[PDB]
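Engineer: The structure under discussion is supplied below as structure tokens; questions concerning it will follow.
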């Protein structure tokens, strides 16, 4: 949607893009459907199946959100595995390198834990959407019966103008219309309420998790200053790294700001 | 790591947790290994295989990062699919609901695009780690040959104290020691440089993407105020929604702040 | 490109769309490639063939423009055939209907003649683009030879640092570089000149033809007022149509404004 | 719990660890369950069996404490056997070596006797916990009957709103609620009292036994100064050891301080 007014689907570069040019496209693009294969697309296909034809789209969205959740669960546990592997690799290295890589590993572990909490809040969002899907599916048969009744009464009117069955189904249809009006009014109310609440909670969760992980990334950037990037000539060895206390103080302050973080202290501000 | 001083692996609740209690654990936990099956664990197993035994851990980390990248690619394209499906579902709904859900869909599309950019920067990180892995693997055979030579010269010294072969291999080993000292000095220098640069770039990328997505979430929260959550009684219909201009102004301001965003204008601040 | 900021390729409705809703999509969409079949796509395929690899895109554009011209020629002659058929159909009808349909037929004939003139100016545009394509194709072998020479001199430098052939090809390459600089400077100049002139002439031609056909359509709309749309009851016949003089005066004034039309009298004005 | 803020379960080294590096892990780790086999795990399994489902955890803890007591009894008698064996081995050795090893053996015998006294106090602790377990098990059926009665009255309310049985069980349930409130109040009081008293007595016993054994270890360290560690050249024999009186005085003073030890004279002081 950010594409410029040209013939190319090229997004307009932001100030960050001008500051640092965008990198080349990733080489990880594999020759695959990109939906987890037929095994993971079985759920997607089953979403588009014999349903109430009304919550079909909503049920499909819910099951797609379940796929989202499964993928995020896959990238959280295996990311914390990556952090563990990074610490294991940094075990046998320079003392400053080992300390700094262990601190980066623990920061990534914090990242994975926040991802898991975001996953739980995502499941709350998905459960609210499941509730709205189920109430919509329960309210659909009312309108289905309404459509069937109006079609049958139209056919009966075609057959003759004085069948008692005609008047009886008209009398039942005036009841069905009122019940369907009430059902659709409450359906609109519940859909609006669930939609607003679920998406407000979802956006609050994502902004909280994202600003928290950004607060973590800033602390990690500050921590990365401890190691010295000055190259050392072959032969003599550089002085030993004694910044253990500084790194521990940095991680302590990061923990303190992490625990102190609250919705009131949301330094992110729109304009 | 955030667990309290008890016998349970229960993290200390932050101020957000006190404000709103944590949700129950997700029900999406499936009975599976959680590593993409044996097909996706084949790469992990092949990482732990006949290698230079030094970059084995680093190569394993690189391939794990590739799995991270593949999972993120899976959750980006399929998340934008979820946004498209959400817009399709909101097609047939209330005018305010349709407009607001289309705007949420476009915000999620922005989220997916930022995820793709983060994936490209992640691939830059992974390529830098590939470079460091390859230089470490190229420098390992020096120390391997050193170990073999010292073992053989020890055995030859055991056999006799005056073999010419002994003195010749000692003379070659004093050269190998100097070349290995130079190789290890440059190895330490290149590892420190690549590590610092790659992880500083990675943390800058993640903080940029995260604060940007948080800036997006805040704008979405402000946008969600447009719809009215007041329930409507059955019968009469609420007044029509004319806040199209307000929503378009909100999205225009979001685009303006998106393009204006720069590293200098990083309102996230550590302490 | 006019699509709104949503997930749909739906263009933003203009004031005309609000005034009158857009019609449903045309039912003439056939199950075909839409490029005139393989017979008409043979030229397109031959455009992408063994060429100078530089004017390949420009030659493809020229041949596509030739297809444009052929299609326009098809719709001009056969449109004037449609006008003739309309007059033939209106031969046996009411006197007012016959006169008005003959006048509409002659207006459509004027439309077809203006289309033919637009086709001739289009051929002028295509010939200018053919000229620019041919000069670009003639200038490409200079850079092709430059690339070949630099590759060969790089290989020769690899072989040895003192071959006389090396210095001779360097001396010829410094000449080739100067001639290629001159060739590219004149190529840029001629491309800019031809591009600006051809497209300015093309846009002047299209605005002239379009505003002329619009001036024709307005006169036709004024002429359509002559016939009476008031329904007539069965039985008695409505009074005879005597507006022959009015229709002839309208067509005379249309001819006068047609001949008087000039680029100076271009009442279309941008802002 | 003492692990640092890293990815490893490595405890933070104390000042003693810096003074002397920690030894390598023990080689006595056998390939076994570590719970005394299935014979000693039969009691543990029987703890988790058909019980009042409330004191199940407490009964399991009590039986685990019994296993603790049995293991300590095993290591006390067999440790005093080790001391006897040490004296037997030192029977045929140097006079100073024989005397010093006999004194170490008697110190270890004192250690075993203090261990036996600690075992008796441990049994006092276990008996207090048995008492609290038994009162909790006796109070559980009250709440079990309460739950059964409320379930049955809910079902009866489902069946009809006017069964006399309903009102009779409500009248009995208001009595059961009051008796359960009294039972839970006295249960909380007795649990708090028994818990505080038993664990205060247990901690006093362990600090007394530990500081006593430390007072013993210090005296043994002072006693070890009697023997001479200076190596003797082959040939002539070092002067005979006449420090029998010094060793007897040391053991006499150790006995005097042992008998004089009291809770008031607890030189161990927290801060």
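Keep in mind that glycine also has a Cβ here, set from the backbone N, Cα and C atoms.
As listed in Swiss-Prot for this protein:
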type: COMPBIAS; residues: A:1-19; note: compositional bias 'Polar residues'
type: REGION; residues: A:1-31; note: region 'Disordered'
type: MOD_RES; residues: A:14; note: phosphothreonine
type: MOD_RES; residues: A:16; note: phosphoserine
type: CROSSLNK; residues: A:29; note: ubiquitin cross-link
type: MOD_RES; residues: A:45; note: phosphoserine
type: MOD_RES; residues: A:98; note: phosphoserine
type: MOD_RES; residues: A:163; note: phosphoserine
type: MOD_RES; residues: A:230; note: phosphoserine
type: MOD_RES; residues: A:233; note: phosphothreonine
Engineer: By the DSSP assignment reduced to helix, strand and coil, which category contains residue A:98 (phosphoserine)?
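Structural biologist: The residue in question, residue A:98 (phosphoserine), is helix (DSSP, three-state).
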Engineer: For the modified residues listed here (A:14, A:230), tell me which residue's CB has the most neighbouring CB atoms inside 10 Å.
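Structural biologist: Comparing the modified residues A:14, A:230, the most crowded Cβ belongs to A:14.
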Engineer: Please name which of the modified residues listed here, A:16, A:98, A:163, is nearest in space to residue A:233 (phosphothreonine), Cα against Cα.
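Structural biologist: So, of the listed modified residues, the one sitting closest to residue A:233 (phosphothreonine) is A:98.
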Engineer: Write down the Cα-Cα distance for residue A:98 (phosphoserine) and residue A:16 (phosphoserine), rounded and given in Å.
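Structural biologist: The Cα atom of residue A:16 (phosphoserine) is 32 Å away from the Cα atom of residue A:98 (phosphoserine).
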Engineer: Could you check which of the recorded positions (A:14, A:29, A:45, A:98, A:163) sits closest to residue A:230 (phosphoserine), going Cα to Cα?
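Structural biologist: Of all the candidates listed, A:98 is nearest in space.
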Engineer: How many other Cβ atoms sit within 10 Å of the Cβ of residue A:98 (phosphoserine)?
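Structural biologist: So the number of other Cβ atoms within 10 Å of residue A:98 (phosphoserine) is 17.
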Engineer: Between residue A:29 (ubiquitin cross-link) and residue A:45 (phosphoserine), how many Å separate their Cα atoms?
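Structural biologist: Between the alpha carbons of residue A:29 (ubiquitin cross-link) and residue A:45 (phosphoserine) there are 24 Å.
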Engineer: Quick one: of the modified residues A:16, A:98, A:163, A:233, which have a CB under 8 A from chain B's CB atoms?
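Structural biologist: Cβ contacts with B, in sequence order: A:16, A:233.
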Engineer: Give the distance between the Cα atoms of residue A:163 (phosphoserine) and residue A:98 (phosphoserine), rounded to the nearest whole Å.
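Structural biologist: About 90 Å separates the two Cα atoms.
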Engineer: What three-state class does DSSP give residue A:45 (phosphoserine)?
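Structural biologist: Residue A:45 (phosphoserine) sits in a helix per DSSP.
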Engineer: Could you give me the DSSP helix, strand and coil counts for the compositional bias 'Polar residues' (A:1-19)?
Structural biologist: 5 helix, 2 strand, 12 coil
Engineer: Within 10 Å of the Cβ of residue A:29 (ubiquitin cross-link), how many other Cβ atoms are there?
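Structural biologist: So the Cβ neighbour count for residue A:29 (ubiquitin cross-link) comes to 10.
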